[PDB]
Structure formats: structure tokens, C-alpha cells
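One structure below.
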Amino acid sequence: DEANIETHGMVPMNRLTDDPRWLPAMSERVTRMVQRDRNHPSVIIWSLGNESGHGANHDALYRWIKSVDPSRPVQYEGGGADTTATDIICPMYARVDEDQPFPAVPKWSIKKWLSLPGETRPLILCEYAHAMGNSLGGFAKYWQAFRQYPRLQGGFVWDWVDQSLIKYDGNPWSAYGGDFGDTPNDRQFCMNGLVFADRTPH
Amino acid sequence: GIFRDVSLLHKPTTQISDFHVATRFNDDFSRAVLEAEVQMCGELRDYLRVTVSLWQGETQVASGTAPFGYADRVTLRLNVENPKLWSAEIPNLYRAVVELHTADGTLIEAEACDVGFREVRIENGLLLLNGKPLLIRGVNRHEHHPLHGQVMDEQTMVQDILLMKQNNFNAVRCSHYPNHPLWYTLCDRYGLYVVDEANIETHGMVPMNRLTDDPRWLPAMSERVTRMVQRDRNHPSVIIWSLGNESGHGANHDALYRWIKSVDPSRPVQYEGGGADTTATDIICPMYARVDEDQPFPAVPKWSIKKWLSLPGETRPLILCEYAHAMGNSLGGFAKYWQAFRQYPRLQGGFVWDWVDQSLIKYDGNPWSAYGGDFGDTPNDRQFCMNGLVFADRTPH
């Protein structure tokens with residue numbers, strides 16, 4: 411389960427999740443989810459958001475969740491995905507062997523991330539293997555690493571269903589952002605499904 | 207035979223017995239203090255005095271004096296400022312002189328030992344030398360001479376150190392025994408991290424640790440380890456004590472590791488046996504662990520080095536006990552190996568086996586290099602004794 415928190419476009423990323431005036435809203439959006447969905451046994455890992463920037467509100471909410479329901483590990487990908495606000499190290503698009511050392515949010519090779527000093531938490535890939543049409547490449551490489559390394563425990567192929575809206579010319585044709593006259597948009601970046609919108613297998 | 211020098215030493219009735227010179231530093235290494243703990247023997251007179259003087263070359267920097275009182288042991292602490300630290304790049308040397316002198320000042324006996332200022336400690340999975348991570352580009356220097364067997368002399372030792380430093384080798388592992396006493400002195404003088412290795416090897420015994428678990432061999436193993444430690448503690452070049460090469464992990468190795476960590480806590484202790492990951496080892500040192508290929512042997516597996524790094528609950532650093540066999544036109548995968556060493560922070564290099572070719576000169582009268590089995594010896598191991606980066610006469614391979 412993933413709490414509805416996303417402030418990617420804000421500059422910097424954690425300009426909001428460190429201001430303690432947004433603790434009420436973030437706490438509502440996290441605690442209501444936890445309370446509503448605690449009983450179900452399928453839900454195993456609570457996630458406080460996708461790269462929303464690591465401030466202090468995320469530490470507070472992580473500790474609140476670990477105090478309320480200690481039967482589930484809490485993952486959170488922001489702030490380099492290795493902060494104290496995360497039990498399950500979940501980076502985004504960390505490549506297998508190639509290293510991507512970005513400032514303050516680097517993308518280590520996953521094996522190097524495993525071999526980081528003082529690091530003992532398991533690693534699952536928050537997002538990996540973008541399925542953009544004829545894509546899902548390096549999957550094997552990825553699965554080879556997953557099977558070799560015990561503390562690397564797989565990832566989440568992004569994403570399942572294609573976010574295509576039906577447009578009529582009257583022949584239906586799948587459309588993306590910007591085909592409705594919307595601006596600004598992000599063209600075909602909304603088309604990353606393992607199956608089509610009507611569930612025809614890719 | 208008698209393969210090392212025989213000497214005759216004369217001492218007065220009262221003499222200096224033992225002294226250990228340790229060092230500690232502050233956070234920025236600007237301020238440090240020297241512990242020249244000293245012991246003596248014989249009749250104890252109130253007028254007896256000891257003096258520890260620190261000379262940076264011809265100039266004296268720090269000194270101290272104290273009478274006895285253990286009634287035969289006296290502790291001196293000498294403060295040093297902005298010390299010239301010691302590392303393989305810069306072999307800074309301090310000539311500390313210990314004096315056994317009379318109350319009026321007449322000198323009875325004086326002893327000295329070269330002392331370097333360095334720190335070796337383990338934290339967060341990294342081997343820190345003077346606050347910095349290390350890159351061990353080692354080598355296993357076997358003691359062998361083309362025309363004298365295992366008789367070693369200063370010319371050969373100096374020339375080997377020269378060749379070793381000319382090729383960016385800044386680490387040596389005496390394989391598998393403590394070396395000649397002057398070797399360590401030359402190592403301090405030139406700058407070369409040494410990994411001393413206690414003379415313990417029982418590879419052929421079935422099983423490997425049938426001897427190193429029987430507590431009837433604890434006396435012999437303790438002698439062979441503790442005498443080395445006591446003799447070679449003072450030298451600053453020796454950084455890592457090694458209890459042996461894959462001798463099988465019993466209980467004697469745990470006992471001796473704890474004894475070493477109790478006596479000289481300034482040096483990490485490595486030991487390769489029993490999978491090289493037991494409690495009897497601070498520096499995980501497997502043999503021939505390949506970079507990516509995995510070799511899962513029963514009870515002594517050879518993981519890929521990266522997998523060994525990523526083992527659960529494992530935080531100790533990894534240096535390769537032996538790797539890159541240099542059998543003639545060999546040293547392959549070196550790069551692969553060095554790529555892994557440079558990528559992975561907690562992987563800290565290895566020891567290229569081995570330095571000098573163990574070839575004995577045979578005359579047909583033309584000298585021709587020979588191996589095991591060419592002298593009529595049986596059983597032998599043919600050309601497996603030929604794994605040198607240089608020939609026996611030091612012609613570069």
C-alpha cells in the first residue's frame with residue numbers, strides 16, 4: 411500500500427515535507443490509510459510515498475506507523491531511499507552494474523548499494539524495467555541479480571495497465589497527453605502498460 | 207639446516223628485558239602520545255633509571271625519565296606534536312632510544328628501535344590507515360634464493376624491496392612464516408605495509424582442522440604465534456597479524472586470535488581458514504574467490520567476492536588472501552579484479568601470489586632452472602613451484 415503523497419514538481423523536492431505546517435495533511439493522508447487497511451493480511455508493506463523528498467514529516471509518520479502497526483515493514487523511496495525513514499531500501503531505476511552517482515540522490519549499482527558500509531536492510535526495487543511498448547529489457551540481467559543476491563528481493567515492473575483514453579475520430585483510437593488540446597503535457601510517457609487498456613496482452 | 211645468522215650477545219647482569227612502543231592519536235592526528243612501556247630484569251636498585259628519548263634524525267624532539275616501579288616495569292608517556300605520520304608513500308622514521316642509566320647518569324645499557332606513527336583500525340567495514348581507507352596491492356614474497364636456498368641476505372632483500380616499490384606494490388605478506396628480522400626494518404625504512412603470518416600450515420592433514428581443534432597442540436600453536444607477536448610488535452610496518460593460511464578452523468585459532476587481540480589491540484587479525492568468515496578473523500581473506508562466478512563448495516565455499524560482501528550480517532572488510540596466480544604468462548583477470556577493487560569500497564585489494572620463483576639451479582655445467590622432481594624427489598608437484606613475478610635471479614617476467 412502507498413499513501414497518497416506526491417510532490418515531485420516542487421523545487422526542491424522536500425520543500426513541503428520538511429515544513430511542519432503540512433504535518434496535519436500528511437498525517438491525515440497516512441494514518442487514515444493505515445487505519446482503514448490494517449486488518450487485511452495481503453497488505454505487507456506500508457509505503458509513505460514515492461520520492462517525495464526526505465524531510466522530518468516522513469520520519470515522524472514512519473515512527474507513527476511503526477508504533478501503531480509493528481507487524482509490517484515500512485518502505486519509502488525518497489531522499490536516496492536509504493534514510494532513517496525507510497525499512498526496505500527501495501530506489502528507483504537503480505541499474506545492475508552501471509553506477510549513476512547523482513548529487514544527494516545517487517543511483518548506485520544495486521550490488522554496490524547492497525555492499526554499502528553499515529547497511530543491513532534488504533533492497534527491493536521501487537520501480538524498474540520500464541515497459542514502454544517493445545521494452546522490458548535487461549529483465550533477465552535484473553532477474554539474474556535477483557536470484558544470485560540473497561538480500562536483493564525483486565522489484566515492481568512499472569506499470570500494469572496502459573493509461574490510454576478512447577478518442578473518436582467515430583473509430584476509437586488510443587490517445588495520450590496532448591491529444592485533447594491539453595498543455596503542458598507529456599506525450600506518450602503515459603503508455604507503459606504490460607497490457608492494453610482493454611486488457612489485450614502486450 | 208641453519209638457514210639464518212648465528213650471533214653471540216653479551217649483556218650485563220642487570221639488563222633491559224622487553225619493551226613495547228605503542229601509539230595513540232587524537233581526531234586530527236596533530237597531537238599524539240608515545241607509550242614506551244619498558245621492563246628489566248635482575249637485581250633492582252633504587253638508583254636505577256630509564257630514559258626514553260625521541261630523535262627525529264639527529265635532533266631530539268621528546269624525552270622522559272623515570273625510576274623503576285611490577286617492580287621491574289616502568290611506564291613512560293611522551294607527548295608528540297604535529298608528528299610526521301607513517302605510510303607506504305612516506306616512510307617517516309623516529310629513532311626512539313631506551314636507556315638503562317644510573318642515578319648519577321653513567322650508562323649501563325642502551326637499546327633503540329625505529330618507531331613510526333600510524334594507526335590501523337576497523338570501522339564501518341573499512342580498514343583505515345591514518346584516517347584513510349587502504350588499497351592493498353599486495354604480494355606473497357616467498358623466502359627463496361637461487362644459489363643459497365632459504366638463506367637471505369641484505370642485498371637480495373633490498374633489491375626485492377626496490378623492484379616491489381617500482382611496480383606500485385605497497386603490501387607484502389611473508390608466506391607463510393615470519394621473515395628475516397632485517398626485512399621488517401627495511402620495510403619501515405622504505406615504506407611497505409606487511410602482513411605477518413604465523414608459521415602454521417597443516418593443509419595435507421585429513422580433515423584440515425584435525426590438529427587445530429585438539430587442545431594438545433595449543434602449546435605448540437601458542438608458541439609459534441606468541442613468539443612472532445612479541446618479536447615483531449614494535450615495527451610500524453606490520454599492520455595485520457595473520458594466524459595462518461587455511462589451517463582449518465578449530466578452537467585453538469579462536470583462542471590465539473583472542474590472545475592477540477588482548478595483547479596488541481592496535482592491529483586487525485586476519486585468518487583465512489574455515490571459510491575465512493569465522494569468529495577467528497577480523498579481515499575476511501578467502502583464497503581465489505572469483506569476481507562474478509560462484510564456487511559453492513561444502514563447508515568451504517568460494518562465493519563471488521561481491522556476494523561475499525553482500526552476505527547477511529557481514530560487516531568486516533574483504534581483502535583477497537591469495538589471487539591472480541602468476542604462473543608464467545598469466546596474471547589474467549587482474550583488471551577485472553582491479554575494476555572490482557576500485558568499484559567496491561569494502562573490497563580492499565589482494566596479494567598477487569607470488570613474488571620470487573622458487574627455482575633451484577641445476578647443472579647439466583650449464584645452469585638450468587629446475588622444479589620438483591628434477592632432483593629425483595618423489596612425490597613432487599612438478600612446475601607448481603614456478604609462480605614468480607620475477608625469476609630467481611630477479612629478471613623481470
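Chains as they are written, first to last, in PDB author numbering: chain B, 411 to 579, 582 to 614; chain A, 207 to 275, 285 to 579, 582 to 614. For each residue, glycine too, the CB sits at the ideal point set by N, CA and C.
- Under the Cβ criterion of 9 Å, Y538 of chain A is not counted among the residues facing chain B.
- In the DSSP assignment, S269 of chain A is bridged to A:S259.
- At a cut-off of 9 Å, the C-beta of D509 of chain A has a neighbouring C-beta in chain B.
- Assignment of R599 of chain A by DSSP, reduced to helix, strand and coil, places it in the helix class.
- In this structure the stretch 531-547 of chain B touches the stretch 491-509 of chain B; the number of beta carbon pairs closer than 8 Å is three or more.
- At a beta-carbon threshold of 7 Å, the residues of chain B lying near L341 of chain A are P527, ordered along the chain.
- At a beta-carbon threshold of 8 Å, none of the residues of chain B lie near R336 of chain A; the nearest stands roughly 14 Å away.
- Contact between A303 of chain A and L407 of chain A holds, with the beta-carbon distance rounding to 6 Å and staying under 8 Å.
- Only those residues of the stretch 545-567 of chain B whose C-beta falls short of 9 Å from the nearest C-beta of chain A are listed: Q558, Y559, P560, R561 and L562.
- Against chain B, the CB of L524 of chain A has a partner CB under 9 Å away; the residue lies at that interface.
- DSSP links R336 of chain A through a beta bridge to A:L343.
- When A:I534, A:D368 and A:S545 are compared, the shortest CA-CA separation from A555 of chain A is found for A:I534.
- Distance from the Cα of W261 of chain A is smallest, within the candidate group A:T494, A:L350 and A:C328, for A:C328.
- Take the alpha-carbon of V410 of chain A and the one of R352 of chain A: they are about 12 Å apart.
- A325 of chain A counts as exposed, since fewer than 16 other C-beta atoms from the protein chains shown sit within 10 angstroms of its C-beta.
- By the rule that beta-carbons nearer than 9 Å mark a contact, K521 of chain A touches chain B.
- In this chain, the alpha helix (DSSP H) harbouring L401 of chain A covers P396 to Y405.
- Taking all protein chains shown into account, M246 of chain A has 16 or more neighbouring C-beta atoms within 10 Å of its C-beta and is therefore buried.
- Every unbroken stretch of the beta strand (DSSP E) spanning 3 or more residues and falling wholly within the stretch 400-452 of chain A is given here in chain order: 408-412.
- Every unbroken stretch of the beta strand (DSSP E) spanning 3 or more residues and falling wholly within the stretch 527-567 of chain B is given here in chain order: 533-538 and 562-567.
- Taken through DSSP and simplified to helix, strand or coil, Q365 of chain A comes out as coil.
- It is roughly 11 Å from the alpha-carbon of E338 of chain A to the alpha-carbon of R561 of chain A.
- Looking from the CA of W474 of chain B, the closest CA among B:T441, B:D492, B:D598 and B:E461 belongs to B:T441.
- Between the C-alpha atoms of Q558 of chain A and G419 of chain B there is a straight-line separation of about 33 Å.
- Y578 of chain A is bridged by DSSP to A:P584.
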